[PDB]
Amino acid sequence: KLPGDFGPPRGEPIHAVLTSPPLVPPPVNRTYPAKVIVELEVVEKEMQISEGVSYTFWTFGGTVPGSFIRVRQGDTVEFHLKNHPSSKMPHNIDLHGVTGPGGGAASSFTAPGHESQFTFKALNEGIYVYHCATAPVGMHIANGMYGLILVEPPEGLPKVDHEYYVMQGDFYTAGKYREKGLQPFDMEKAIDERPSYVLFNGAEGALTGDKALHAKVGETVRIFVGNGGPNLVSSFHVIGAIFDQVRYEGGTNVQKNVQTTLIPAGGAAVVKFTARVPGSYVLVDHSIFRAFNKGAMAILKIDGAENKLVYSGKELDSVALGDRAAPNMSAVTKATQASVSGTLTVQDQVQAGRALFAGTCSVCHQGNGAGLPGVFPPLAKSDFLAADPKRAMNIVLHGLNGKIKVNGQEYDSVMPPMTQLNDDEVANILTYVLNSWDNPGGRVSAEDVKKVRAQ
């Protein structure tokens, strides 16, 4: 026998129902091998990789990651790849778990407006990455051409309350993190393995705030976790919880009771979580600058009764989650669009700066700008801020130390530089502060900050 030796296909041909992230198709719930027809279409399109930041993604099914495919070990899969006629590039597919050269690549080569097909038997149970394998392969994967296929064991997976679909990728923009506008792919950064963004499901905030995954206290969650790369290895981790089980691809080995697990580039794992106490559980790449400086954070939000005997503490806030504690940062998108249109108002800037102030400034100056007398000076009704708004731009870009006097009190501390903030971000944060807490109002422009940065 080969593995997956369950006989020829029986029953009727099945048209696979594919799902967009973060959702998963229902279990196949089948005791016989089937001919499964899969139809997947490549679409090239602009999407928001961050608020006010567009990127030309190349997608399987219009999403990053691509549509989720779910079949049964021993199935015969008739794979149809279409390339939308709006595409500029040819594309193909390499599915992990396929037995045969290129995992489908040579037979699935598809020009814009064409369709290709190949047939394979799913011999190998497991969770598997699929991706484009068109020269230059790294460019296609970097632009978002990856997803997951699940080959179920014949008896199916154990029932759980929720199944979700989460995939990490590293992304390479010409511009710096959160630099606004349409950002080209940067080949130099990709070859050097120096990503500008590291993301779950193709965007900053794709799985935070009002887009969090949900479950209730007492329920079981299974997450199909992919690492599309192209280049990075994920120190994949859940903050404040533990995985009951971690199983890689279709491996025989199952690790139980771990919190931190390494997912290779092109790798995939099935993780199981039991909800015990309510709150936000953060999925991160624990290579920490990825999670906290490049976007690599997703949320599983658990609702239900607190258990003070297990955990007496509060729900996560802007101290740890920064500007992603809030439901969304839609005001940044709106302020960026208004800048492009030449219609940016003070209130556009105030609402964008309000979103960006959380964590970034609030951890020390507080959400109300009061600070802590003698320790963190106030931004609320600040005489020092009002006396010199241009000095305030320098303070954000280049930091501040030494003795100062604010509202009649001496400070002798250190505010670190925040030079990685973009000109629009500094301008919008300071406009928010000037228009809050009885401050004098007016505005700071991106152009004002550009000139102070240039020194």
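Residue indices: 1-based, along the sequence shown.
Student: If you average the CA temperature factors over each stretch, which comes out higher, 38-46 or 383-391?
Tutor: Of 383-391 and 38-46, the stretch with the higher C-alpha B-factor average is 383-391.
Student: Select between 223-231 and 181-189 the stretch whose C-alpha atoms have the higher average B-factor in the entry.
Tutor: Result of the comparison: 181-189.
Student: From the list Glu306, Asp285, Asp94, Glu204, select the residue with the highest C-alpha B factor recorded in the entry.
Tutor: Largest recorded C-alpha B-factor: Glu306.
Student: Which one, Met415, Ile69, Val28, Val53, has the peak C-alpha temperature factor per the PDB entry?
Tutor: Checking the PDB record, the top C-alpha B-factor among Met415, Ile69, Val28, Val53 is at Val28.
Student: When the deposited Cα B-factors of this chain's modelled residues are ordered and cut into thirds, is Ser116 in the lowest, the middle or the highest one?
Tutor: As the PDB entry reports it, the C-alpha B-factor of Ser116 lands in the middle third of its chain.
Student: Taking the chain's C-alpha temperature factors as the reference, tell me which third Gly402 falls into: lowest, middle or highest.
Tutor: It belongs to the highest third of the chain when residues are ordered by C-alpha B-factor.
Student: Compared with the other modelled residues in the chain, in which third is the CA B-factor of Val270?
Tutor: Answer is lowest: the recorded C-alpha B-factor places it there.
Student: Ranking the modelled residues of this chain by C-alpha B-factor as given in the entry, is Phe109 in the lowest, middle or highest third?
Tutor: It belongs to the highest third of the chain when residues are ordered by C-alpha B-factor.
Student: Ranked by Cα temperature factor within the chain, is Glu155 in the lowest third, the middle third or the highest third?
Tutor: It belongs to the highest third of the chain when residues are ordered by C-alpha B-factor.
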